[PDB]
RNA sequence: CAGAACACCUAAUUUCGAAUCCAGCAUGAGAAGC
Ligand SMILES: [Zn+2]
Ligand SMILES: [Zn+2]
Ligand SMILES: [Zn+2]
Ligand SMILES: [Zn+2]
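Protein chains in written order, with the deposited numbering: chain D, 2 to 200; chain J, 3 to 200; chain C, 2 to 200; chain H, 1 to 35, 40 to 198, 208 to 221, 225 to 278, 284 to 357, 363 to 423, 428 to 463, 465 to 478, 504 to 609; chain K, 1 to 4, 16 to 20, 23 to 28, 52 to 62, 80 to 86, 127 to 136, 139 to 147, 154 to 171, 180 to 197, 376 to 421, 433 to 441, 443 to 498, 504 to 609; chain I, 475 to 489, 505 to 542.
What follows is the structure, encoded as structure tokens:
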């Protein structure tokens, strides 16, 4: 269309944050120092996957509401192409309107990422059975992303904001059960013209 | 589909010590205190909560005569069939009860002091060793919002039983010396998981 | 185990009691006025370290009887892990089964904590040389503690009672040489199940 | 490729940003006080931008005053100096923040900021080359204060020597000749310029003083001057932070002059600890010499004694330091006994800077004069021009020096295995001042610490590891202090082995066994001598020794 | 830079191709004494000085070619960055010393080895560096040093690799990594009995194979990529198809999943397992037939193969 | 490698138990069933074996 | 050529930093001008 929706998303981290490293060379280079590296850029920043978290949040809440929304989290499941999340994030037939970025941090790894030590306390004897060192992202670290909706509808900002409140409720990535990833979001959207750069 | 929110509030009654885990904050702080306390970058106090809850329920349900796994043993694989694996997690399935860190309501300078502890010879009655450690004062208030995704009827009762066991034993470290004797206040509510949808 | 031991300990002090304040900020807020500040809580109650006094008492008695107990009072001494004090109070790998709570005072600071002025006379001239304004707990003060034994044995309650009969004889806290800390203990034991809060 | 961020008078912010493409290396990020400007300082730190490393020369506020402010806007990744500079910066930042809270000026940074500066604060001593973002960084002593260094950064586009502040001949606790790079220096960033009298007026006041010093360098040199000349009357240190700096230079005596690396101040220096002893020594009418650091009589402890000393017609006031504008010390020195000593000057004169440039191996391409007063910088720049060297003053303010790497071997005999043009070669990476690879035919054209054998070191460390005196934590900490450098590890091992005279305890882990004291002390001396003999070895050899006992580091 | 003289920035020649030659004593244009001494020319400000010297002030660097020196010479009074000096001894010294703003690097040229070495040592003792002359950029990816015979030396034997833009220097770790990668690529090229003699199978009729394959083609279990890889593994023999269908039908003991695509429908777990073993038995009966018969079976569902 | 270390000590100078193949595969199968020898363990042993004995 | 604020004595040391699962599918293979 002639308009596009830009949602600038700013994350402030409230709890410790972990998202594990996925590059095999970087992870294997970090296993000689930490047992759980943070997913990190080659420009020494931190990136978090964001499209899957928003899609999982919206699918859980819209399945709870009773809408006809598919579950693309099941093993090799195919999206049907008629859901609202299928229109937003994508389907096998057509791509999604929302173009979610990675959550690149505003700070370099030496300023927000710290190396911590977790243990396994035995139930009797209260001793350290196992001990592992993992990397984490500190509290107060700021991340930025831009969600880009190509064909905006009236319910695109509301569902993205509801999914962001669900991500604030449950956590963004990594060890969500132990208390990691509890964050907060600021949203500054703007409907920009598609022919803006031409001039 | 519903979800369960368990807002717990800790009041500290005997001084609390949870050691700092971050290696940078440790080696920055091991020139002033020998035992740093666990601290945020926003200068709040961090306590792990999932492991203590799981340990309390595992010890008590093992004592009751239930078929629960012991995940405290070294490299122990959780069974995936017991109550504790349903609540806190197993290797195939994640746990329903997402348990948050105990964020203090106050800053380090308002609840955290620097104590000096001793080690005294039994024959000489003289202070042989001396060290300093950070501790959390009494009356400090911590909070957590325990979130259960697929709730059953007994999960809140198990969480309250585990919290009573933490009040019995203690949270954090140095539990045998008397540290970490705390009290909990519980506010429970069932919330629809579609409630942020507008 | 299926069984734990509760030892409720009530301490009635008979002499004035002193245990020095340990927190650096609460000492710098005190040493303008009280140069020997009492170990006090932030909930204005008197705190006494109770573990360690029991361990020193039982180490002295068990070395006197002739048991193979290691002494943990020497500089950086490592507990052995085989003697009964290592099983009760703690070893360097296996934790202590007897978790010993602090001696909290039931009454608040303004009703037990008092300021005293101790001296140092020149002896032969009989004239006051040094004057220092310490702080101490009055007599008749009642303190409470709860000793919890996780895996109880038969020689557990008797050893704790013997250690309290030692602590009654030589005192608890500080300045035991000049006559401070002489106390008496009332012990109420109760063997409680480990699964009493579940249902 | 170097920007002088406020490098004219060093007030309201000063910095040397050597951007080398892959690294924004920063030198001398400090503040000079003159005694509303804080907003212009804030704009200048936000004008600095992201700096990959905040190299620090010395521990004065001129070079080290804005480091937690760069941490505050989170512009610095790593902060490196010497360990003496690191702990003196701890004392400086704590005292400066206390002064900001006391004067009710809006605090520039915070106490937590100071701490989080020490989260990322790495440290190395002199002659320890580190390879950071293809820049080789080395530290050299420049004799200013303890732990003060000149920085030698070799980038691919040239060698830069940030000299910092240079010491004089009158500095007694350090070596006079400032250490220099042994290689080529392309650009030299030099900071321009700005004893018996003290003793004899101490006679004419005592037998018939008050000394305002500076806590870093100046007070300790007055104390050492009084330590060498034992007269008759006593000396008192009525200064808290001066006493802590004195104790740290006693701890960091391995970073000092070689003669003083063997106590140091040979006792007889009664230091006042609390303010009641200060009021006692102020009201003490005995003839005694009171050295203490407030600076320029404006705030500190000195002012407890000022009134007593001022009205006294027998006393005297010995200005051994410069008095800056609008200070009480300047107001008592000008006149609005009074003696001023000019020999106690940490900063070098102009002729020592000419000596500093002349004993470089090569004449530098361009001498960048940066700080100091204007007219002294002008006359110094004229005397650099008389020595035929280029000058760039910061008011007035270009070849390209590429360190190329040449193969110098045959490349015709090359093959393919994995779509790579690889060829095996055995040669020699000769390193001129143009890294050169050269074949073996070229090589044929060319062709304090004790001492123990390698097997004795192996057996002694194995014995003391089984005896639990040496530990994995001990080996890890010793390896960290040794990767810092040799002298830091010497200080660490001396600090562990030193017996506390009040308690009789050494910081070594106690031995496990049935050893009697004498055997315990002989094992401690064995550990001392073994790890000093390990200190004498090479770094890779120390790593291969220590990796057997502690598998990690 | 200067190549041994061609000095680009252009390619001006001082005493080859595309040049402005400036001859000395003692192309597109030839510049000599027309312009006399003390006068400047442009091309890079060029000024000639009498010898008894070409001075190019460029954007980066002010170059001085001296020529042969015999008698007091004539030198510029500005700023010199490079000083190209002939050597074939004290006359060159003061010619250097009496010039203001002494150059960054001097260059010795047109002489033997011994005289150039003696003059070079005399100039290092004057604290001016020398260069003694006799393309893809080269990158050391190495990491210990030595000090034998006053050279900083490293004993290293390694590999040189040549790409289109750079030449890198690598050690044995890179060669081990690429050797392991190529060994993994070489061993993943063969299976032991591909394209070999035709090799314990269930048997089923052709019409039942048609019915089962059509039913597992309607729902998405047997798909076009599944038939494609099945035909490709059938082309390399019977045992290869056996191994492929055993790999696809293999239920992992840790996760309880197989490599079949899940069916599109509302089937429960037991029926999905029945469809999975139906696909396994149907394709096992399909490996029995001849190649043309299986091609006629599978062309009706995957027209490519 | 025996060549390379050769020059790596030369140029620098100038300046096991027995098990049957049936027993090994039987033991590896048994330890894989009780998860002592995991996939992670076999992979890391393979990368360490590729770097030399 | 810069920060500066009743008494002690001590504020050290050690151990763990590992283990395991998974790495699969599916769809498109054609048109048109010269
Ligand atoms: Zn769908
Ligand atoms: Zn279980
Ligand atoms: Zn023992
Ligand atoms: Zn200075």
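Backbone N, C-alpha and C define an ideal beta-carbon position, used for all residues, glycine too.
N- and C-terminal bounds of the alpha helix (DSSP H) containing residue i
i, result
"residue 72 of chain H", "71-76"
"residue 420 of chain K", "Where residue 420 of chain K is concerned, there is no enclosing alpha helix (DSSP H), given that its DSSP letter is neither H nor E."
"residue 115 of chain H", "115-123"
"residue 42 of chain J", "Where residue 42 of chain J is concerned, there is no enclosing alpha helix (DSSP H), given that its DSSP letter is neither H nor E."
"residue 304 of chain H", "296-304"
"residue 256 of chain H", "256-267"
Residue i beta carbon near ligand 4 (any heavy atom closer than 7 Å)
i, result
"residue 169 of chain H", "yes"
"residue 397 of chain H", "no"
"residue 66 of chain H", "yes"
"residue 62 of chain K", "no"
"residue 119 of chain D", "no"
"residue 148 of chain H", "yes"
Distance cut-off 7 Å: residue i Cβ against heavy atoms of ligand 2
i, result
"residue 562 of chain K", "no"
"residue 83 of chain J", "yes"
Residue i versus residue j: straight-line alpha-carbon distance, rounded
i, j, result
"residue 194 of chain D", "residue 81 of chain H", "39 Å"
"residue 107 of chain J", "residue 257 of chain H", "35 Å"
"residue 450 of chain H", "residue 480 of chain K", "13 Å"
"residue 172 of chain J", "residue 184 of chain J", "7 Å"
"residue 499 of chain H", "residue 45 of chain H", "Within chain H, the sequence of modelled residues goes 478 then 504, so residue 499 of chain H has no position in this structure."
"residue 156 of chain D", "residue 6 of chain D", "12 Å"
"residue 70 of chain H", "residue 96 of chain H", "11 Å"
"residue 187 of chain K", "residue 193 of chain K", "16 Å"
"residue 167 of chain K", "residue 590 of chain H", "56 Å"
Residue span of the beta strand (DSSP E) that contains residue i, given as start and end
i, result
"residue 5 of chain J", "4-14"
Partner residues on chain I for residue i, Cβ-Cβ distance less than 7 Å
i, result
"residue 474 of chain H", "488"
Where residue i meets chain K, residues with beta-carbon distance less than 8 Å
i, result
"residue 76 of chain D", "561 and 566"
Neighbouring residues, chain C, relative to residue i (Cβ below 7 Å)
i, result
"residue 130 of chain D", "Per Cβ cutoff of 7 Å: no residues; residue 130 of chain D is ~11 Å from chain C at best."
Contact list for residue i against chain D, beta-carbon separation under 7 Å
i, result
"residue 53 of chain C", "Under the 7 Å cutoff, chain D gives no residues; its nearest Cβ is about 18 Å from residue 53 of chain C."
Residue i: CB within 7 Å of a non-hydrogen atom of ligand 1
i, result
"residue 539 of chain H", "no"
"residue 92 of chain D", "yes"
"residue 80 of chain D", "yes"
Contacts that residue i makes with chain H (C-beta to C-beta distance below 9 Å)
i, result
"residue 36 of chain J", "Simply none; closest approach about 13 Å."
Within chain H, the residues that residue i reaches when beta carbons sit closer than 7 Å
i, result
"residue 111 of chain D", "81, 82 and 124"
Proximal residues of chain K, C-beta to C-beta of residue i below 7 Å
i, result
"residue 482 of chain I", "456"
Cβ-heavy atom distance, residue i to ligand 3, below 7 Å
i, result
"residue 341 of chain H", "no"
Cross-chain neighbours of residue i in chain D, by beta carbon under 9 Å
i, result
"residue 94 of chain C", "126, 128 and 129"
_For the structure I just gave you, are there three or more beta carbon pairs, one from the region 340-354 of chain H and one from the region 312-321 of chain H, closer than 8 Å?_
yes
*Are the region 115-122 of chain J and the region 65-84 of chain J touching, with three or more C-beta to C-beta distances below 8 Å?*
no
*How about the region 138-150 of chain D and the region 12-21 of chain D: do they share at least three Cβ pairs that are nearer than 8 Å?*
Look at the beta carbons and you see the region 138-150 of chain D touching the region 12-21 of chain D: at least three pairs across the two are nearer than 8 Å.
*Taking one C-beta from the region 535-544 of chain K and one from the region 487-497 of chain K each time, how about it: are there three or more such pairs within less than 8 Å?*
yes
*If you pair each beta-carbon of the region 91-110 of chain C with each one of the region 43-59 of chain C, do three or more pairs fall below 8 Å?*
yes
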